[PDB]
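To start, the structure under review is shown below, and the notes come after it.
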Amino acid sequence: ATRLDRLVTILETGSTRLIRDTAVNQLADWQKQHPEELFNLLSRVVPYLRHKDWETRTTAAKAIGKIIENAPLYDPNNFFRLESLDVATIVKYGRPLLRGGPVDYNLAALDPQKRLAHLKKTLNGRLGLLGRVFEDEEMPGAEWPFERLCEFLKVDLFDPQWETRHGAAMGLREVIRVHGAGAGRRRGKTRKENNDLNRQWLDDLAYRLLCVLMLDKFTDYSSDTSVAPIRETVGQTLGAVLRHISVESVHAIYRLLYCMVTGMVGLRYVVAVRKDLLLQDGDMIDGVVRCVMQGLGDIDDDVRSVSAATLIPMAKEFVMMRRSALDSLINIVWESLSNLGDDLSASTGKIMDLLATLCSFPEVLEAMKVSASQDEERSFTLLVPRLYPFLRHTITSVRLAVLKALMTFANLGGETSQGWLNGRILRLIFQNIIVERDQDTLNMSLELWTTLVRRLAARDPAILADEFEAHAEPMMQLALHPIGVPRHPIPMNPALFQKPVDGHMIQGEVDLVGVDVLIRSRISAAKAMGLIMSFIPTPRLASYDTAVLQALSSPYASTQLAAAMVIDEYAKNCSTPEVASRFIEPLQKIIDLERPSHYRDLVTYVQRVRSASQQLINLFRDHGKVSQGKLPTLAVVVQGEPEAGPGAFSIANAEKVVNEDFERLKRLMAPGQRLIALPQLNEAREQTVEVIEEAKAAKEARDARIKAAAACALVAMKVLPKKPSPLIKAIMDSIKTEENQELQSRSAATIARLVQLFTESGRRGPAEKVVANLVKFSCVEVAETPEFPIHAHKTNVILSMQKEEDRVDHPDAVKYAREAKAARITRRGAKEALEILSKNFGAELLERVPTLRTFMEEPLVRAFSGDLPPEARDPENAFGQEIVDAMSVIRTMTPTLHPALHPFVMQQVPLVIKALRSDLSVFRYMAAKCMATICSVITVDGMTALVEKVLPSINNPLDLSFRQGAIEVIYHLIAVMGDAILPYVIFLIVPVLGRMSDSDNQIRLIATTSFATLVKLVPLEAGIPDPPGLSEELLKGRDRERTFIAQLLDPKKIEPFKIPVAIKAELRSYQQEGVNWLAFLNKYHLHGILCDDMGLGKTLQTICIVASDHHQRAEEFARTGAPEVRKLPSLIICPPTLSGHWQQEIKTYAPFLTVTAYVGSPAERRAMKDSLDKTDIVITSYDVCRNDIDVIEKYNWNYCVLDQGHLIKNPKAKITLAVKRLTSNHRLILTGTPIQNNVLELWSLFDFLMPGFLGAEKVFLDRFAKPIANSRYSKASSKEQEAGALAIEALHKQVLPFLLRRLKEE
Amino acid sequence: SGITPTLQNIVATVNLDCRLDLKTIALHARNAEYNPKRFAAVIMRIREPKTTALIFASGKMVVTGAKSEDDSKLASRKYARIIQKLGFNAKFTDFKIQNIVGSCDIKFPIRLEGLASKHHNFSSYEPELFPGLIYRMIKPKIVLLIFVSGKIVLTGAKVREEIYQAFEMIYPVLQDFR
DNA sequence: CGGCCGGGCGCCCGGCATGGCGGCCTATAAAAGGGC
DNA sequence: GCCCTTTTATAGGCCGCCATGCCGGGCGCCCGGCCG
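Here it is in structure tokens:
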């Protein structure tokens, strides 16, 4: 078969969907190149529309779509007349279309044209044109180019083999959606005349479509609702066709519909694309309301799901021209909606939303009132509770719809809203709030509760308490429920939930979801109850006061935390904070008085400790041949159990046992048993230590968890302590160490309030302490503020890159990982704390509290703006860490700065830009990220500073300490700003690249990774917008970067470049193009792979480019004398047998190039140690290189080129190791194909091109390559395949621009 | 008292009360299968909850795959409504459940041999074809599959209490063998 | 200087050994109507 | 009356071939010796 057939059959046999997408893209590209291939392409792909697979038909249809999209509209210069359609021909004369039966071999064997004619006759039969339900035995460029294909597609619309329906519907859609306007036109009739012919053709199509839309009832009830396999596709196709249809034809089709409807989705698919005609004609918009009048009460739920989807765009101009239908619509909506006992409500949500957005208008209030004037049953006063039963439906989308619709009805206002504001909804919404898992529902519902309770309070908080009281106490008790741990839950008594799923919450099955989600469910009820608690009168609160007192005193651990946050909510809305004064002594005692002997919530941990200890205690002394009842044993009763005695077992008992019972056991089991039991005793001691430490850590953390919220409450009530040490230190410890993110989010606000409260009080002292600790904590994570005493000695080191090299070696023990996760949690809290404290003061931020400004400036301006004293640059000093600390603060605080504080950071800008060149890298690391942050946030000024001072000197060779930062800052910039650097490409891309071609260890690497991420970032399919708000002096018409980006993105944009040197062999056009790309690579210190077919004159292009660069270096040196073009020979690597070949080629094309071959007798190879520089070109076999690499590596070289580089692929071979040692100004890779169906091939090669461009094997294998290969296997998996292939194309994009592949035909 | 088993499948017998043209239905929708050359019943699945249906032309059906009685019933009713949608009338007349399947797990492995010897009159151990001990009991009539990893599967029950009882009866014998 | 040869090696590709994870088969429950 | 199908726990073996991991035969290439 042809290559085109292979490209087509991939659409069925493609291993991945993305490869088939590439196949259809290639087919469309071939169509673009060769429009004459359109019909062959269609006829080849069209047969797959009858294929069995869902995906294969979809792919063939999409192939047709892409192919026709790359084809022009047609222009030259029998039809079933539409009015013939009637109910009878479909309902009582037409053949039903259903599941395909056995193959019609008797007809399929005939010629396609004869078969088409026979199918046409049988189609005339099938439609009911004969007046009976007939039997098969009665019938046993001058014109539209797609006409025969269109006829086949239309005949395929009625195949019993239903796969043909699904495929051919999409195919005909792909024809008419793109070339609908041109369909049916023929020569003879002029354009104005054949417009009518096009109208008739599209009318015939609509006729057949309407015939299908009820003749075919094929169905799949597998899904509970969406039982439409092929009705929906043909309906959507009709919708696509409908946009071209003439208005009177739309009227006729609309008549056919609204008589047929009494295919219902056809009404939606015409409301999509002729909404204007419905309003303009006036009458035709009646059909959308009449359909819901007819259908919305039907028993069938298969069209109830559809009926809502038509109606959303309607009721805007309708309200003027057809006002009368509004009341009827809403009334029939509410009647159908109230069908309690029905099991689906999907369309109901959309209808509710449509009503809701209507309810924003006074006309809809009047619509309610006009119907309410006749009856109270349909009144807004009594109707709303029919929403109540829907609160706990299973599908979450309709839950969200319920919430938002309720909100809009709450927005209706008016005294009539009191009809359902009665306490029923007050209890029901809270019952929804308490246990709901889904975050979005919680988010909306808290707002809904707030608006509702505010509305009710607007009359009187007394009547609010009246509405709530009868349900109050059980609800509050539910709000004070405990919390537990996996496989030991605590459920809730369902008797407390009034009636109008949920089982995982009712049973308290914490195994399913993380406890943070449970705490979300708790804070939701907390915030819901807090507002009402504050609003209602204080004298009513006695029972509530007792409830919170119990929660404060209860042995259940969670209740103290819940109570503390509860009182925080209460205080934060109080008219005066002293109203909550009655909670001063409890919470302050919670933070002050010693935490309990036992935590009931932790009871399971205690039992686990007892069991895990006794299983050893009873083991070992019995293993010492001594078991007696009076010997030490842990008590049967465990403290915290229900009705447990005071003497019950506790963790302190375990501590008492393990302290001295181990040596007592050893002495007791002395005669022999100790020797044989000692290792078991060791692991037993380890196990006891593990479990005891676990329990103690849990208890301490829980103590902190209670105390943190307690301090939050105390701060909230504004009862500031006169001895602030415990409160502030508890706040700090909680902020540092809080495990739950929600409690951390609360504690951030706690401290952010506390600082302002201290500022009001005037006691700057404790404020200074807490803020100093806060900023001090920010340096904990090793990846954000490296330890000065650890890294201080390193010099001439690219310090930030150490994370790639050696930081992965640290995890040698659990002790390191523990502190690592602790650091992450600490910074997570710190960011929120600093963020909120930044925002709250805003423009006055540095003014309010000066000490933060002092910490932000003083070390940087005391150390820099000068030179470091000897102690400041002493690796064991006191001051050394301080500099990196302040720089950490600056690089953290920046993006939360208020705009008014911008002059401060711009005053800091002079310090860092000068400091960046410093000798001590430890400061350069902090400076790099800080500069990246300034550049990211205050865009214009940071960009100006960077481009105007940091960048322009980047090429100066003298100052190495500046040179390292000059690229390190660019790398951190690319990281921090991500793709947002893309508009700023016009100041970086070339000068940053130029760093690759300068010989300086570590510098070479960081540059390569920076350039690689840039290359990834540039779009493959988009241009560069103008940089936003940049001064003209910055830009100043720097189109060199634009040219570089253009040539990088497209080889065809590279300029021609003839040979400057006098090479005897002239370049042919393909040779010239290759030379053009090679020059473009040679023009910016890039390296790459050339992979031309050998028939194209392989060697000539390479030898031409190297000779050209040799001459250019010589002449530039004559003109400039610059070091950069220093004389070095070129070095070529090739097979030994090819050596001579190359030699002779050199003599032929370029006799001016002198040749030295590093070959001959071993003696002579030993003898030529220094002679090598005496000729322009050096010739080398792979293997003489592999031996004498110790020898050969002395001199640098101009060009290093691999002739047959395929041998180099191995990631470990001595040849690969050997070659890579060499250094030069240019290098290239010559191979037949770089990527020959294997991605693994490339890594080594690329490294050889660019150390540090793609990265090391530590990421190439683990991240991409291995999973790539795995997922690529057919037998592997089904899920990852598409993601795998997308990643494949990502690798192609990363590796394409520095590869040039050309076929010999080119 | 031993720990209760956990229920895992339900089989239901359901009465449609109408004669049906099976061949027609097969070609009517995608979600079914029926061939006398393969089997008598129409095999059909639905998703919500995941279930399989055997339907017989005389007007009865056997329904499978529910975890719970209420779930089972819901599934059955949905099936019946589906039937109603097909175009041939039917009703949810009768409902019966048999062989409710449950499972239990305990720590200790079970000495199959010893048990089998104890109840040799009632139990057989044949590790040459099935790595489990079939234990037969009368009151309630329950088939117990006893496995050597501490796992017992209970079958033939009508009600969960039956399996409960069965497990309660067997559990002391288990405790005798660890 | 010019050359053929036995002995030499790093390294690649083929046949092989092999095990993870997979259907299938036992128990095999219990409707049902059916084929034979 | 025996065998047919369905679904859920299940446990271990029976077999299967894919990727995996391997390393011996052989490749090309070098090269120390000795030939003329």
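As given, the protein sequences belong to chains H and B, one line each in that order.
Sequential numbering from 4 applies to the first sequence in our numbering.
Sequential numbering from 309 applies to the second sequence in our numbering.
Ideal Cβ positions, reconstructed from N, Cα and C, are used throughout, including at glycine.
Each residue's CA atom was taken as its position, placing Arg20(H) and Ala931(H) some 43 Å apart. Going by DSSP, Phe761(H) is part of the alpha helix (DSSP H) stretching over 744 to 764. Interface annotation, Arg102(H): in contact with chain B, CB-CB separation under 7 Å. The stretch 360 to 376 of chain B makes contact with the stretch 314 to 330 of chain B, as at least three CB pairs between them are under 8 Å. Rounded to the nearest whole angstrom, the C-alpha separation of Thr25(H) and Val520(H) is 43 Å. With respect to the 7 Å criterion, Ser921(H) and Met980(H) are not classified as neighbours on the basis of their beta carbons. Ranked by how close their Cα comes to the Cα of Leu100(H), the residues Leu453(B), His336(B), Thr312(B), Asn323(B) have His336(B) in first place.
As for any beta strand (DSSP E) of minimum length 3 sitting wholly inside the stretch 1144 to 1168 of chain H, the runs are 1158 to 1160, ordered along the chain. With a 10 Å radius around the Cβ and a threshold of 16 neighbouring Cβ atoms, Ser1034(H) comes out exposed. Distances from the CA of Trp147(H) to each of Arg47(H), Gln617(H), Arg129(H), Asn197(H) were compared; the closest alpha carbon is that of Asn197(H). With contact defined as three or more Cβ pairs closer than 8 Å, the stretch 201 to 216 of chain H and the stretch 234 to 249 of chain H are in contact. With contacts defined as CB atoms closer than 7 Å, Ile973(H) and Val995(H) qualify as a contacting pair.
The contact set of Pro232(H) on chain B, defined by CB atoms closer than 8 Å, consists of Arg338 in chain order.
Judged by DSSP in its simplified three-state form, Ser1227(H) adopts strand. Around the CB of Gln483(B), fewer than 16 other CB atoms lie within 10 Å, so the residue is classed as exposed.
Around the beta carbon of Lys710(H), a 10 Å sphere encloses 16 or more other beta carbons of the protein chains shown; the residue is thus reported as buried.
Chain H has a Cβ within less than 7 Å of the Cβ of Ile354(B). For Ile408(B), DSSP records a beta bridge to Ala465(B).
For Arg830(H), the enclosing alpha helix (DSSP H) stretches over residues 817 to 844. Note on geometry: alpha-carbon atoms of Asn1190(H) and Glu1196(H) lie some 11 Å from one another. DSSP places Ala91(H) in the uninterrupted alpha helix (DSSP H) bounded by 90 to 94. In this structure, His247(H) and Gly183(H) form a Cβ contact; the two beta carbons are roughly 4 Å apart against a cut-off of 8 Å. One finds nothing in chain B with a Cβ atom closer than 7 Å to the Cβ of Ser308(H); even the nearest lies about 13 Å away. Taking 7 Å as the cut-off, the beta carbon of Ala1110(H) is found closer than this to the beta carbon of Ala1153(H). Counting only Cβ-Cβ distances below 9 Å, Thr222(H) has contacts in chain B at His336, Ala337, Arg338, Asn339, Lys393, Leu394, in chain order. Among the residues facing chain B, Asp815(H) is not included, as its CB has no counterpart in that chain under 7 Å away.
DSSP places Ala349(B) inside the beta strand (DSSP E), whose first and last residues are 347 to 355. Taking a cut-off of 8 Å on C-beta distances, the stretch 1167 to 1181 of chain H touches the stretch 1132 to 1139 of chain H, as three or more cross pairs fall below it. In terms of beta-carbon proximity, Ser225(H) lines the interface with chain B, with at least one pair separated by less than 7 Å. The Cβ-Cβ distance between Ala698(H) and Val612(H) falls below 7 Å.
The secondary-structure analysis by DSSP pairs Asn880(H) with nothing; it has no beta-bridge partner.
For the C-beta of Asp519(H), not a single chain B residue is nearer than 7 Å; the gap to the nearest is close to 28 Å.
In its chain, beyond the 5 residues on either side, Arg523 have a beta carbon closer than 8 Å to the beta carbon of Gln442(H).
Collapsing the DSSP output to three states places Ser1133(H) in a strand. With a cut-off of 8 Å on Cβ pairs, the stretch 704 to 718 of chain H is in contact with the stretch 555 to 571 of chain H, counting three or more such pairs. Excluding five sequence positions before and after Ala398(B), the CB atoms of its chain that fall closer than 7 Å to its own CB belong to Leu324, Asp325, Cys326, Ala388, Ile391, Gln392, given in chain order.
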